[PDB]
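First, one chain by itself: the form deposited in one PDB entry, in structure tokens.
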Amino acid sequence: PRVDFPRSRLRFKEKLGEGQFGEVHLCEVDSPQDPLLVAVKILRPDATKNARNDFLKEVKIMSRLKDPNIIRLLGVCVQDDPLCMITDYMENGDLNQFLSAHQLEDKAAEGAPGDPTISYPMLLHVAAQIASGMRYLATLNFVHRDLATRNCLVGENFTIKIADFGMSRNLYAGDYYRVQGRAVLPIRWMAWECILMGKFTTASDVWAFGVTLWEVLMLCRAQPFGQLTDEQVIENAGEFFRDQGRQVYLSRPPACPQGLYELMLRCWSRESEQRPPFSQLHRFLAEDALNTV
């Protein structure tokens, strides 16, 4: 049984987010002997028995995860109240808002440090870290179910970590299909068998990664299928099922060469078994994509 982090050492500084059962604060750790900034998730002030149960379950889930490109618990406080989970502070926030504030470079390495520009090789590097994170989760047979740039965090030096904020942020409400007034399904990231059969697998996470890769190469300027309605996106899932060549795909991003786009298309194969494994996606993004055509 791991020992609790010493709660008294936290200095609460700013609120970073609010989710379904917890809320996240930026904290300073008063002199770190085993300015240090960490993110700390605690129960919402309106927490009921249901919220505490959900929080204790998440501690269990998070205890499974140990990879540089996945959120990791730096510590916990669970033996007594208040309950806390502690992770690294990622100073550049979510990847969607981050990339949207950048523009693609003209020539490689032409700008000054700090400028809001980004290279194609850096887009590859961001995607490759996401693929490495997902490759890790696949080995634990952990199915994420909501991969997208909004659920990735950005630290120093463009390091990426996969998280899962839930469907709670007003900022991203448009990314979720609603049933009975609440967000339920990120349909624009969902494989046709997720929509039609309710089947979530590693291969559907591969489909979502394809959309996330599309997002990254679009520098998060547009929503997937952004000029189609939710009903049309759901209808498109039906055309994948019927397989008579009426299905439509996300278009090739301007910044994306044809070779990379064809691998993206493979992520959206009708048959789950034909989609690439995350091992192959990572190898391509990390090495083959640097090849000169």
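Only the largest set of C-alpha atoms that superpose within 1.5 Å between the two forms is called the rigid core. One-based numbering along the sequence shown.
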Between neighbours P35 and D34, residues that the deposited sequence lists but the model omits: 10 or more
Greater mean Cα temperature factor according to the PDB record, 100 to 108 or 196 to 204: 100 to 108
Stretch with the greater mean C-alpha B-factor as recorded in the entry, comparing 3 to 11 against 283 to 291: 3 to 11
Candidate set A127, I187, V179, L95 [ranked by C-alpha B-factor, highest]: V179
Candidate residues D175, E215, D164, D81, the one whose C-alpha B factor the record puts highest: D81
Where the record places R169 (Cα B-factor, split into thirds across the chain): highest
Lowest, middle or highest third - CA B-factor, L228: lowest
Within-chain third of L147 by Cα B-factor, per the entry: lowest
Lowest, middle or highest third - CA B-factor, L153: lowest
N141 - Cα temperature factor, lowest/middle/highest third of chain: middle
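Omitted here: the form deposited in another entry. The next part is about that form.
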Candidates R242, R44, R64, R266 - which moves between this form and the one not shown, C-alpha at least 2 Å, core fixed: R44
Threshold 2 Å Cα movement between this form and the one not shown for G198, core superposed: no
Shift of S279 between this form and the one not shown at or above 2 Å (CA, core fit): no
Is_shifted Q180 between this form and the one not shown (CA, 2 Å cut-off, rigid core): yes
Change in CA distance between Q180 and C194 in the other entry, which is 3 Å or more, as closer or farther: closer
Note on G181-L228 C-alpha separation in the other entry, which departs from the shown form by 3 angstroms or more: farther
